[PDB]
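First up is the structure itself, then whatever we jot down about it.
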Amino acid sequence: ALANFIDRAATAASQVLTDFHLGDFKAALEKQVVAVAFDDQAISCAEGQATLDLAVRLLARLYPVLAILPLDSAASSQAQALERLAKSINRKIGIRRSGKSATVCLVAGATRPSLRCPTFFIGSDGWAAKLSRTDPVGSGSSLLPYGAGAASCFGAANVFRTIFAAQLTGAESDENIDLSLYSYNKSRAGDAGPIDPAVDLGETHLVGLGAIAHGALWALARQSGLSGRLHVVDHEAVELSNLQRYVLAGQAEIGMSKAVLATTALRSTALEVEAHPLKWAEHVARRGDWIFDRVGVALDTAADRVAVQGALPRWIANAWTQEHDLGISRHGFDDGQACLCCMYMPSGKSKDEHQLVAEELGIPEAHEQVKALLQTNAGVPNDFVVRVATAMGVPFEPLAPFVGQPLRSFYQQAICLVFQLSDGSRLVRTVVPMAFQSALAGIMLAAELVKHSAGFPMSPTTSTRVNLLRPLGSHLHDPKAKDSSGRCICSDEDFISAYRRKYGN
Amino acid sequence: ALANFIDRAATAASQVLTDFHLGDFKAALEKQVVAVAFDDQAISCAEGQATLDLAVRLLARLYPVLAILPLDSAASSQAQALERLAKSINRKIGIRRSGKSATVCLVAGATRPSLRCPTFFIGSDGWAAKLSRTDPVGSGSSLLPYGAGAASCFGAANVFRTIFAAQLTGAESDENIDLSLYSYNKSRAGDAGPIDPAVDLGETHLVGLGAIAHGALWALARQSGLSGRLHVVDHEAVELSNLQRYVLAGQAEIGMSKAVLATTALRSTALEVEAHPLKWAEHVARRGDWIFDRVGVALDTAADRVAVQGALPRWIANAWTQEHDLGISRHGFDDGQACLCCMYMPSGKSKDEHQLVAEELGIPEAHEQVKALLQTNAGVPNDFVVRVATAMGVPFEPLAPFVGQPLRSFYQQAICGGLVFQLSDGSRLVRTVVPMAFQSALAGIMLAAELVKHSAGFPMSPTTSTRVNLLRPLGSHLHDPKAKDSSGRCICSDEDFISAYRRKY
Amino acid sequence: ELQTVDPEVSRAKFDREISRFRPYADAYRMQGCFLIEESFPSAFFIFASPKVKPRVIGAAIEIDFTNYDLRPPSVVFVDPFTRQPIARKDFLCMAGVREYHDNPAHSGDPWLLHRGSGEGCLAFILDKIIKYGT
Amino acid sequence: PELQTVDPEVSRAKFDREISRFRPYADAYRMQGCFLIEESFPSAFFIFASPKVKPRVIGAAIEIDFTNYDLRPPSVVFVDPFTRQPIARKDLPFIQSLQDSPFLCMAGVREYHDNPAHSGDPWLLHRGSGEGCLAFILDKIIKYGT
Amino acid sequence: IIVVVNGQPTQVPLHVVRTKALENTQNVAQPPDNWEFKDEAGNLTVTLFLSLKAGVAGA
Ligand SMILES: [Zn+2]
Ligand SMILES: [Zn+2]
């Protein structure tokens with residue numbers, strides 16, 4: 001019952017777990033039974049259903065055995081649907097209808113499952129996400145998804161930190177969470193956030209339609225009263241390994257245009273969705289109008305996000321999943337605050353690609369031969385691939401077919417593979433976040449676009465960060481000064497004029 | 001008593017007389033006593049004084065002996081001044097105080113001198129120039145000098161055509177002239193034309209200050225009450241030879257700037273005189289303002305006159321002397337009439353300088369060698385200056401100083417300055433046209449008449465140009481029509497030139 | 001590369017780079033550098049050693065200012081008559097040039113460390129070509 | 001020298017118009033080796049290079065002067081590409097001593113019409129025909145060098 | 001036909017009129033090419049004008 005995409009989930013784990021070993025890891029998963037329990041309070045409201053929906057979507061992307069536990073006869077209808085959701089993500093997933101074997105349980109609603117395994121009550125009330133290790137928290141009656149969905153991400157994170165407690169440090173599970181996704185402070189009885197289906201996105205652009213965007217699209221599609229025109233922009237297609245992180249991708253979405261998927265995700269909103277199977281540059285070029293009223297960035301590299309700022313939209317919400325945190329940043333250009341280019345201004349020189357690849361090949365001092373084999377695109381000799389294989393700690397045989405091929409070929413296959421030949425000791429360089437990190441970052445992104453287009457008072461700091469591999473922070477807000485180098489385009493009078501020319505002030 | 005500049009006067013006569021020989025011609029002059037006779041009527045008024053002034057100015061530039069004949073005692077003072085004028089032009093000139101030896105005679109005033117020689121009564125009444133062969137015609141009371149001065153010119157021409165009659169064809173003496181310089185028709189008892197001398201010339205440009213300009217200056221200085229700003233433009237200095245033609249130059253003006261001369265000659269008018277001792281092009285470039293309200297042109301070459309029109313003055317008067325004809329043409333540019341460039345549009349290909357130069361020097365077959373020497377402007381080898389003297393029939397020795405100098409120098413000093421002309425007893429004729437003083441003076445009078453009439457606002461001439469042949473009896477019809485160039489190649493057809501004109505005016 | 005910066009920005013920056021070259025055109029001509037064509041986003045130059053007799057076009061380039069100056073300019077050697085890219089048998093490894101920063105071997109020297117310094121502007125590029133090539 | 005005596009409004013409109021008439025063709029002129037380097041009334045400065053010769057050699061550089069255009073035809077002076085100083089025919093890689101500056105022996109050109117040996121072919125016989133416009137001069141030079 | 005030859009009139013193909021006009025006014029000294037036959041408007045019983053070209057000498 002491990003997923004066909006499990007190696008990608010193992011690539012992710014290997015980046016957060018100490019003393020990772022692929023074989024142990026997969027065995028550790030097979031000994032688990034992760035329980036989702038729920039009662040009539042949860043299945044009867046929109047918040048509880050949302051929380052269940054996302055929780056199953058997260059857990060089915062990692063755990064080979066789930067127990068789906070309706071706690072009364074009312075919850076039996078939702079149960080069948082949850083089993084069907086879990087199987088749509090991993091057709092061979094294991095489904096238990098009993099908790100006798102649970103290693104960890106998540107509970108929505110008001111009823112206690114009465115199990116001997118660690119148990120987390122999750123839930124919500126409007127903007128507030130709730131988790132408790134000792135008592136049910138229940139699910140509210142609003143039509144808001146943000147608190148309910150964020151609670152699932154906190155649910156799944158605490159599941160992961162509990163199963164893998166022995167391979168993490170400073171990683172205690174949470175005892176209580178009462179976090180407002182409206183304010184990102186502890187939820188106050190008076191200090192609640194407005195709840196209204198009266199929200200128009202105007203003309204909004206969502207750039208990047210991958211994992212983080214999937215969390216955002218999950219939320220927007222549960223946002224009642226959403227009106228407006230939304231552009232979704234991505235040129236890529238869903239790959240099998242994306243089902244490790246992309247909460248709206250199941251087996252049936254493999255191979256499909258990410259732009260076509262984002263469209264159908266929103267079919268039940270009142271949004272007029274325009275889907276563009278293009279990169280941002282081609283979108284910008286085909287519009288010929290550089291009026292961007294509102295842009296949500298859900299991309300994977302600095303340069304791509306910096307390019308979005310170059311176009312000078314009125315306002316950007318930027319979303320990221322990095323190694324030690326996920327988060328959201330907010331940028332007007334002409335407001336005194338940091339700009340998206342600020343967020344990635346380089347501070348110094350770094351290692352060149354021929355050098356970083358030389359470390360990943362266990363040949364740190366062959367940087368000159370890696371640069372030459374990359375420029376000359378010549379075949380890797382036999383004595384090179386024996387050196388690399390020995391430096392990599394694997395047998396030479398899996399890497400023998402590469403003898404005579406470009407080094408770019410060797411690195412694009414064995415390295416992008418050797419992780420499995422080394423039982424997880426050789427880590428890949430590219431960060432693969434966990435599904436629950438991507439989903440929460442996307443929920444925050446949907447949160448920001450909706451709040452900003454509903455005109456709420458905007459955030460006091462540029463960015464908000466969460467680290468789901470530790471107990472939730474008590475101060476999620478992160479300030480960020482405008483770059484003071486002079487070298488950031490938000491310092492440039494030509495850029496400032498072109499922004500005012502479009503938006504005034 | 002022949003003048004020190006007599007060879008230049010002989011040059012001029014050599015171009016109008018048949019069977020010319022230089023010894024013969026000077027001998028002919030030496031057998032003459034040309035008498036100017038005058039009474040109280042002539043000397044008591046400005047028209048009388050002006051006629052006498054110019055008659056003497058013209059006759060002293062050619063004839064070696066004059067008789068100055070006051071006919072009553074009031075005319076005595078004028079007689080002494082007239083003698084001093086003659087001598088200031090030719091200090092070796094002869095003055096007779098007796099009429100018995102006159103061979104021809106000009107008379108101003110009302111009294112007959114009753115001499116045994118051809119006698120021509122000259123005078124004027126305002127715009128009218130008057131000459132009779134039989135009765136005194138008198139001097140009017142106006143303060144205009146145009147009729148009075150034109151009368152002298154006709155007087156001097158008839159003196160010349162009487163003395164040299166046998167070397168002229170169709171050159172009878174005039175019996176009667178009564179010509180209005182206002183209309184250039186026979187004067188009428190009604191239309192006397194306006195004689196008020198108080199007029200303002202506006203801001204006028206006189207371009208070229210040679211012979212023609214001396215006639216104009218002579219007139220502008222003798223119109224009492226005339227106001228105006230006169231710009232006078234010429235870069236050259238008076239040379240000895242010029243006294244053959246320049247009615248306001250005497251021995252004392254040899255070497256004087258022509259612009260300074262013209263300034264001094266106007267010092268007693270109320271004209272605001274600005275002297276520009278520069279070429280037109282340098283004047284135009286320093287001025288940096290292409291508004292020229294009124295330009296009088298008194299130049300020597302087609303190119304120089306056309307260059308003036310290129311500046312696009314509002315109105316031009318152009319004056320010339322040629323072999324058998326002098327005159328004035330008038331040009332607005334945007335008036336449906338011929339512009340000054342129309343006057344000199346070329347009618348077809350011609351011979352090049354190398355050929356015409358080669359022909360003059362009696363070597364029409366060294367064209368190729370003369371072409372090289374006019375381009376290199378190299379020194380004429382000894383063997384070349386030898387050939388030329390032989391083919392021309394003169395000694396080598398006077399020309400030896402030109403050996404080694406530029407050919408242009410050799411040519412324009414030896415040939416155009418008349419050195420080979422003297423050496424050949426006038427048989428080797430100069431190709432440079434040299435007009436008679438009485439033609440130069442009349443052309444300039446007519447030019448100052450046009451500028452004055454134009455600036456008083458009189459309706460302008462029915463035809464483009466007005467012509468006079470002083471080597472024949474005055475014509476019955478002096479008006480000369482000229483049609484606009486219709487080739488398409490004159491600038492008065494150019495829409496850019498037309499636009500530049502309308503912008504200014 | 002496609003223009004994605006607001007073109008009112010890049011056009012303004014390119015036009016100023018050109019305005020600033022014009023007062024120096026005579027000086028550059030002396031060194032053999034001739035602006036041939038100029039029209040956003042490209043500026044076409046031709047080069048000739050002033051001391052090489054006979055006078056020989058040693059190089060022509062196209063300089064691209066697409067997305068200037070967030071992205072630094074591309075410098076391409078082209079044939080002076082056809083404007084087509086040429087092979088070495090007839091890129092400048094230098095910061096301020098987009099071919100250099102986009103070379104993975106120089107991923108450690110990012111352009112935003114240099115932006116605004118004087119590297120990557122037109123005079124900087126013209127002066128480097130003049131000094132080395134001659 | 002020749003000083004601007006024609007109303008400069010006239011000669012500057014005509015110049016400006018010759019440059020305007022050149023601009024749409026500049027690519028095709030480049031294909032023949034013809035490069036407009038600098039234009040500033042009264043002067044138009046070009047470089048020329050054989051597209052058909054390898055290595056590419058600057059074979060000619062002209063200053064074209066349009067003072068008093070088009071009452072006076074324009075002056076064509078061969079100059080050095082970098083100094084912009086006249087050159088002698090010895091240093092020049094219808095053209096007429098080797099130490100003397102070459103000129104274009106042709107109706108439409110000031111060094112022709114002012115040459116004494118062609119005084120008999122005055123410019124005003126040719127004005128308004130095409131001879132002496134910028135394209136007429138450019139055509140001749142492009143065709144001398146190949 | 002009235003031909004004004006150098007201001008002097010005389011009563012008379014077209015070179016036939018100029019030839020008799022030049023013979024009547026004794027102005028046959030100058031080649032017939034130097035003369036320009038024009039009409040009352042100046043175009044290169046009626047009155048025609050057999051005059052010369054404008055002049056260059058003046059200084
Ligand atoms: Zn910034
Ligand atoms: Zn005309």
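How things are named: the first chain in the structure tokens is A, the next is B, and so on; residues count from 1 in each chain; ligands count from 1 in the order shown.
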With 10 Å as the limit and counting only C-alpha atoms, what residues in chain D lie close to chain C? Please list them as a PyMOL selection string.
chain D and resi 26-38+47+49-51+54-60+80-84+91+93
Give me, as a PyMOL selection string, the set of residues whose atoms come within 9 Å of any atom of ligand 1, counting only C-alpha atoms and all ligand atoms.
chain A and resi 333+337-345+481-484+486-491
Grab the residues selected above and save them as a PDB file, in the first residue's frame with N, CA and C atoms.
ATOM      1  N   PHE A 333       4.642  48.280  -4.542  1.00  0.00           N
ATOM      2  CA  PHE A 333       5.982  48.710  -4.912  1.00  0.00           C
ATOM      3  C   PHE A 333       6.308  50.054  -4.259  1.00  0.00           C
ATOM      4  N   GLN A 337       7.537  49.786   1.868  1.00  0.00           N
ATOM      5  CA  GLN A 337       7.891  48.460   2.350  1.00  0.00           C
ATOM      6  C   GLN A 337       8.815  47.733   1.377  1.00  0.00           C
ATOM      7  N   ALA A 338       9.336  46.605   1.814  1.00  0.00           N
ATOM      8  CA  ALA A 338      10.123  45.779   0.914  1.00  0.00           C
ATOM      9  C   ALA A 338       9.309  45.358  -0.301  1.00  0.00           C
ATOM     10  N   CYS A 339      10.004  45.170  -1.423  1.00  0.00           N
ATOM     11  CA  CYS A 339       9.425  44.688  -2.666  1.00  0.00           C
ATOM     12  C   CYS A 339       9.889  43.255  -2.895  1.00  0.00           C
ATOM     13  N   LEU A 340       9.214  42.560  -3.801  1.00  0.00           N
ATOM     14  CA  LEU A 340       9.552  41.164  -4.031  1.00  0.00           C
ATOM     15  C   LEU A 340      10.999  41.013  -4.452  1.00  0.00           C
ATOM     16  N   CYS A 341      11.555  41.983  -5.194  1.00  0.00           N
ATOM     17  CA  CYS A 341      12.984  41.894  -5.511  1.00  0.00           C
ATOM     18  C   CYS A 341      13.819  42.062  -4.246  1.00  0.00           C
ATOM     19  N   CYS A 342      13.363  42.886  -3.300  1.00  0.00           N
ATOM     20  CA  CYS A 342      14.056  42.958  -2.017  1.00  0.00           C
ATOM     21  C   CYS A 342      14.281  41.563  -1.436  1.00  0.00           C
ATOM     22  N   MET A 343      13.256  40.720  -1.499  1.00  0.00           N
ATOM     23  CA  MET A 343      13.253  39.455  -0.803  1.00  0.00           C
ATOM     24  C   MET A 343      14.314  38.506  -1.317  1.00  0.00           C
ATOM     25  N   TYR A 344      14.954  38.811  -2.457  1.00  0.00           N
ATOM     26  CA  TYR A 344      15.960  37.901  -2.992  1.00  0.00           C
ATOM     27  C   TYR A 344      17.187  38.670  -3.449  1.00  0.00           C
ATOM     28  N   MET A 345      17.346  39.904  -3.013  1.00  0.00           N
ATOM     29  CA  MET A 345      18.569  40.615  -3.337  1.00  0.00           C
ATOM     30  C   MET A 345      19.746  39.783  -2.847  1.00  0.00           C
ATOM     31  N   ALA A 481      13.042  44.866   5.857  1.00  0.00           N
ATOM     32  CA  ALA A 481      13.291  46.235   5.481  1.00  0.00           C
ATOM     33  C   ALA A 481      13.483  46.323   3.978  1.00  0.00           C
ATOM     34  N   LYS A 482      13.043  47.450   3.406  1.00  0.00           N
ATOM     35  CA  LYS A 482      13.411  47.753   2.034  1.00  0.00           C
ATOM     36  C   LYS A 482      14.913  47.612   1.896  1.00  0.00           C
ATOM     37  N   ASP A 483      15.337  46.950   0.834  1.00  0.00           N
ATOM     38  CA  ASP A 483      16.751  46.912   0.523  1.00  0.00           C
ATOM     39  C   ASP A 483      17.284  48.337   0.591  1.00  0.00           C
ATOM     40  N   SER A 484      18.470  48.476   1.175  1.00  0.00           N
ATOM     41  CA  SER A 484      19.121  49.765   1.345  1.00  0.00           C
ATOM     42  C   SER A 484      20.459  49.792   0.630  1.00  0.00           C
ATOM     43  N   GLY A 486      20.628  50.399  -2.634  1.00  0.00           N
ATOM     44  CA  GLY A 486      20.459  51.184  -3.840  1.00  0.00           C
ATOM     45  C   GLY A 486      20.247  50.348  -5.091  1.00  0.00           C
ATOM     46  N   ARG A 487      20.587  49.060  -5.048  1.00  0.00           N
ATOM     47  CA  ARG A 487      20.565  48.195  -6.211  1.00  0.00           C
ATOM     48  C   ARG A 487      19.233  47.492  -6.421  1.00  0.00           C
ATOM     49  N   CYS A 488      18.240  47.707  -5.574  1.00  0.00           N
ATOM     50  CA  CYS A 488      16.952  47.068  -5.808  1.00  0.00           C
ATOM     51  C   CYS A 488      16.027  47.980  -6.610  1.00  0.00           C
ATOM     52  N   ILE A 489      15.349  47.375  -7.601  1.00  0.00           N
ATOM     53  CA  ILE A 489      14.575  48.180  -8.520  1.00  0.00           C
ATOM     54  C   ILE A 489      13.539  49.010  -7.825  1.00  0.00           C
ATOM     55  N   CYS A 490      13.203  48.682  -6.579  1.00  0.00           N
ATOM     56  CA  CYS A 490      12.302  49.559  -5.855  1.00  0.00           C
ATOM     57  C   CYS A 490      13.012  50.819  -5.429  1.00  0.00           C
ATOM     58  N   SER A 491      14.317  50.949  -5.762  1.00  0.00           N
ATOM     59  CA  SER A 491      15.085  52.182  -5.546  1.00  0.00           C
ATOM     60  C   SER A 491      15.215  53.030  -6.786  1.00  0.00           C
TER      61      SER A 491
END
Would you mind listing the residues within 6 Å of ligand 2, counting only C-alpha atoms and all ligand atoms, as a ChimeraX atom specification?
/B:338-339,341-342,484-485,490-492
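For the pair CA of residue 149 in chain B and CA of residue 473 in chain B, the interatomic distance is 17.8 Å.
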Counting only C-alpha atoms, chain B residues within 8 Å of chain E, as a ChimeraX atom specification
/B:169-170,208-213,298-302,319-322,325-327,343-344,433-435,440,467-469,474-483
Written file, previous selection with N, CA, C and O atoms, as a short mmCIF file (atom, residue, chain, number, x, y, z; two decimals), in the first residue's frame:
data_model
loop_
_atom_site.label_atom_id
_atom_site.label_comp_id
_atom_site.auth_asym_id
_atom_site.auth_seq_id
_atom_site.Cartn_x
_atom_site.Cartn_y
_atom_site.Cartn_z
N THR B 169 28.46 102.12 -85.95
CA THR B 169 27.40 101.80 -86.90
C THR B 169 26.06 102.07 -86.24
O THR B 169 25.85 101.73 -85.07
N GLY B 170 25.17 102.70 -86.99
CA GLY B 170 23.85 103.06 -86.45
C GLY B 170 23.91 103.85 -85.15
O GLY B 170 23.10 103.64 -84.24
N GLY B 208 27.64 95.16 -53.76
CA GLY B 208 28.53 95.59 -54.80
C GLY B 208 28.69 97.10 -54.79
O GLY B 208 27.69 97.82 -54.88
N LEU B 209 29.92 97.58 -54.70
CA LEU B 209 30.23 99.00 -54.64
C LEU B 209 31.22 99.39 -55.69
O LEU B 209 32.21 100.09 -55.43
N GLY B 210 31.00 98.98 -56.91
CA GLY B 210 31.85 99.41 -58.00
C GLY B 210 31.19 100.48 -58.83
O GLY B 210 30.45 101.34 -58.32
N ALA B 211 31.44 100.42 -60.13
CA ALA B 211 31.05 101.48 -61.03
C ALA B 211 29.56 101.78 -60.96
O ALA B 211 29.16 102.92 -60.74
N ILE B 212 28.72 100.78 -61.19
CA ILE B 212 27.29 101.01 -61.10
C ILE B 212 26.94 101.62 -59.76
O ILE B 212 26.19 102.59 -59.69
N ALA B 213 27.47 101.04 -58.67
CA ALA B 213 27.15 101.56 -57.35
C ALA B 213 27.58 103.01 -57.21
O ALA B 213 26.92 103.78 -56.49
N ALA B 298 24.42 95.34 -57.58
CA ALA B 298 25.32 96.01 -58.51
C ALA B 298 26.61 95.20 -58.66
O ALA B 298 27.72 95.68 -58.46
N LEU B 299 26.45 93.93 -59.02
CA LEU B 299 27.54 92.97 -59.01
C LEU B 299 28.07 92.76 -60.43
O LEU B 299 27.63 93.41 -61.38
N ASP B 300 29.04 91.85 -60.54
CA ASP B 300 29.72 91.56 -61.80
C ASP B 300 29.45 90.19 -62.41
O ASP B 300 29.82 89.98 -63.57
N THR B 301 28.91 89.24 -61.68
CA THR B 301 28.77 87.92 -62.25
C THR B 301 27.39 87.38 -61.97
O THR B 301 26.75 87.71 -60.97
N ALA B 302 26.93 86.55 -62.90
CA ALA B 302 25.67 85.87 -62.74
C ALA B 302 25.59 85.15 -61.40
O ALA B 302 24.61 85.26 -60.65
N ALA B 319 21.05 95.71 -61.41
CA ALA B 319 21.53 96.62 -62.45
C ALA B 319 22.75 96.09 -63.14
O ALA B 319 23.68 95.63 -62.50
N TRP B 320 22.78 96.23 -64.44
CA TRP B 320 23.95 95.80 -65.17
C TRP B 320 24.33 96.75 -66.29
O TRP B 320 23.51 97.53 -66.78
N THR B 321 25.57 96.60 -66.74
CA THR B 321 26.11 97.17 -67.94
C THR B 321 26.63 95.98 -68.73
O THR B 321 27.38 95.17 -68.19
N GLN B 322 26.24 95.84 -69.99
CA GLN B 322 26.90 94.88 -70.88
C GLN B 322 27.37 95.65 -72.13
O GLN B 322 27.38 96.88 -72.19
N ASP B 325 24.30 97.53 -74.10
CA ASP B 325 23.07 97.58 -73.35
C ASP B 325 23.31 97.66 -71.86
O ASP B 325 24.18 96.97 -71.33
N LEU B 326 22.63 98.53 -71.16
CA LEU B 326 22.67 98.57 -69.72
C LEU B 326 21.24 98.46 -69.26
O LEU B 326 20.31 98.51 -70.07
N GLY B 327 21.06 98.26 -67.96
CA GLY B 327 19.70 98.19 -67.47
C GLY B 327 19.55 97.75 -66.03
O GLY B 327 20.50 97.58 -65.28
N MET B 343 16.81 85.51 -64.66
CA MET B 343 17.56 86.39 -65.55
C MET B 343 18.80 85.71 -66.08
O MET B 343 19.30 86.11 -67.12
N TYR B 344 19.32 84.71 -65.38
CA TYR B 344 20.62 84.11 -65.70
C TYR B 344 20.53 82.58 -65.80
O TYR B 344 21.55 81.89 -65.66
N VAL B 433 34.57 92.27 -70.22
CA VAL B 433 33.80 93.42 -70.66
C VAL B 433 34.16 94.63 -69.80
O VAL B 433 34.16 94.55 -68.57
N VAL B 434 34.46 95.76 -70.43
CA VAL B 434 34.78 96.98 -69.70
C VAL B 434 33.85 98.09 -70.17
O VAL B 434 34.03 98.66 -71.26
N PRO B 435 32.85 98.44 -69.39
CA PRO B 435 31.88 99.43 -69.85
C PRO B 435 32.43 100.85 -69.80
O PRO B 435 33.41 101.14 -69.13
N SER B 440 27.97 102.97 -66.83
CA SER B 440 28.01 102.65 -65.42
C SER B 440 27.24 103.66 -64.62
O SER B 440 26.48 103.29 -63.73
N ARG B 467 15.88 98.79 -70.20
CA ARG B 467 17.15 98.80 -70.89
C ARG B 467 17.38 100.06 -71.70
O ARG B 467 16.43 100.70 -72.20
N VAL B 468 18.67 100.37 -71.88
CA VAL B 468 19.15 101.56 -72.55
C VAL B 468 20.44 101.21 -73.28
O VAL B 468 21.36 100.62 -72.69
N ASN B 469 20.52 101.60 -74.55
CA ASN B 469 21.77 101.49 -75.32
C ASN B 469 22.30 102.90 -75.57
O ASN B 469 21.81 103.61 -76.46
N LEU B 474 18.72 106.95 -78.37
CA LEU B 474 17.86 106.36 -77.37
C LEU B 474 16.64 105.71 -77.99
O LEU B 474 16.02 106.25 -78.92
N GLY B 475 16.25 104.57 -77.44
CA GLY B 475 15.16 103.81 -78.01
C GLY B 475 13.80 104.43 -77.75
O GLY B 475 13.55 105.15 -76.79
N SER B 476 12.88 104.11 -78.62
CA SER B 476 11.51 104.53 -78.38
C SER B 476 10.80 103.65 -77.35
O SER B 476 9.77 104.07 -76.80
N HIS B 477 11.33 102.47 -77.05
CA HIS B 477 10.64 101.55 -76.14
C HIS B 477 11.69 100.85 -75.28
O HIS B 477 12.25 99.82 -75.66
N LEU B 478 11.89 101.38 -74.08
CA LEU B 478 12.88 100.89 -73.14
C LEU B 478 12.41 99.75 -72.26
O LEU B 478 13.22 99.16 -71.55
N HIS B 479 11.13 99.45 -72.23
CA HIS B 479 10.66 98.38 -71.35
C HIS B 479 10.96 97.06 -72.00
O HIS B 479 10.85 96.91 -73.22
N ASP B 480 11.41 96.12 -71.18
CA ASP B 480 11.80 94.79 -71.66
C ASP B 480 11.10 93.75 -70.82
O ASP B 480 11.46 93.58 -69.63
N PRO B 481 10.10 93.08 -71.37
CA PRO B 481 9.45 91.99 -70.64
C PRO B 481 10.35 90.78 -70.49
O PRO B 481 11.19 90.48 -71.34
N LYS B 482 10.18 90.07 -69.37
CA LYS B 482 10.84 88.80 -69.15
C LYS B 482 9.86 87.86 -68.47
O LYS B 482 9.27 88.20 -67.44
N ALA B 483 9.68 86.69 -69.06
CA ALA B 483 8.80 85.68 -68.50
C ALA B 483 9.55 84.88 -67.46
O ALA B 483 10.76 84.67 -67.59
#
Can you tell me which residues surround residue 150 in chain A at a distance of at most 8 Å, considering only C-alpha atoms, apart from same-chain residues fewer than 4 positions away, and format the answer as a PyMOL selection string?
chain A and resi 129+146+154+440+443
Expected file contents, prior selection, N, CA, C and O atoms, as a tab-separated table (two decimals), in the first residue's frame:
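Output saved as selection.tsv:
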chain	number	residue	atom	x	y	z
A	129	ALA	N	-7.80	28.44	13.07
A	129	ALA	CA	-7.43	27.04	13.01
A	129	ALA	C	-7.18	26.53	14.41
A	129	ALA	O	-6.43	27.16	15.18
A	146	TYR	N	-10.27	28.80	5.46
A	146	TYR	CA	-8.86	29.01	5.76
A	146	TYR	C	-8.48	28.38	7.09
A	146	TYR	O	-7.51	27.62	7.16
A	154	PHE	N	-1.83	21.51	10.13
A	154	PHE	CA	-1.32	21.30	11.48
A	154	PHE	C	-1.57	19.86	11.93
A	154	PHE	O	-0.75	19.28	12.66
A	440	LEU	N	-0.44	24.43	3.28
A	440	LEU	CA	-0.61	25.61	4.14
A	440	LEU	C	-0.13	26.90	3.42
A	440	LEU	O	-0.79	27.94	3.48
A	443	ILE	N	-2.81	27.88	1.32
A	443	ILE	CA	-3.96	28.45	2.01
A	443	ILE	C	-3.68	29.89	2.38
A	443	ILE	O	-4.49	30.77	2.12
Please identify every residue of chain C that has at least one atom no more than 12 Å from any atom of chain A, counting only C-alpha atoms, and report them as a PyMOL selection string.
chain C and resi 1-16+66-71+101-118
Save out the residues we just selected, C-alpha atoms, as a short mmCIF file (atom, residue, chain, number, x, y, z; two decimals), in the first residue's frame.
data_model
loop_
_atom_site.label_atom_id
_atom_site.label_comp_id
_atom_site.auth_asym_id
_atom_site.auth_seq_id
_atom_site.Cartn_x
_atom_site.Cartn_y
_atom_site.Cartn_z
CA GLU C 1 14.39 36.88 -24.19
CA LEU C 2 10.87 38.34 -23.93
CA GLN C 3 10.26 41.82 -22.54
CA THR C 4 8.53 41.42 -19.18
CA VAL C 5 9.75 44.48 -17.32
CA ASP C 6 7.38 47.39 -17.86
CA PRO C 7 8.65 48.63 -21.25
CA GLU C 8 8.17 52.20 -20.22
CA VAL C 9 11.05 51.44 -17.85
CA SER C 10 13.43 49.74 -20.29
CA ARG C 11 12.60 52.16 -23.13
CA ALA C 12 13.37 55.06 -20.79
CA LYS C 13 16.63 53.46 -19.75
CA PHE C 14 17.71 52.62 -23.31
CA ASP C 15 16.86 56.12 -24.57
CA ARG C 16 19.00 57.62 -21.80
CA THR C 66 15.34 43.74 -23.23
CA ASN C 67 14.21 43.93 -19.60
CA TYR C 68 16.98 46.45 -18.89
CA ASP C 69 18.17 47.01 -16.23
CA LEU C 70 16.67 44.29 -14.08
CA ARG C 71 18.30 41.95 -16.56
CA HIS C 101 25.43 35.82 -15.80
CA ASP C 102 23.33 33.19 -17.57
CA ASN C 103 26.35 30.97 -17.94
CA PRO C 104 25.96 28.37 -15.14
CA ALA C 105 29.71 28.66 -14.52
CA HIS C 106 29.04 32.20 -13.21
CA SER C 107 25.88 31.51 -11.21
CA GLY C 108 27.86 32.67 -8.21
CA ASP C 109 28.26 36.24 -9.52
CA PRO C 110 24.63 37.39 -9.79
CA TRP C 111 23.72 40.51 -11.72
CA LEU C 112 21.87 42.14 -8.82
CA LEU C 113 25.23 42.46 -7.06
CA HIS C 114 26.40 44.72 -9.87
CA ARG C 115 23.23 46.55 -10.88
CA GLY C 116 23.60 50.31 -10.74
CA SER C 117 27.40 50.25 -10.54
CA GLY C 118 28.28 51.18 -14.10
#
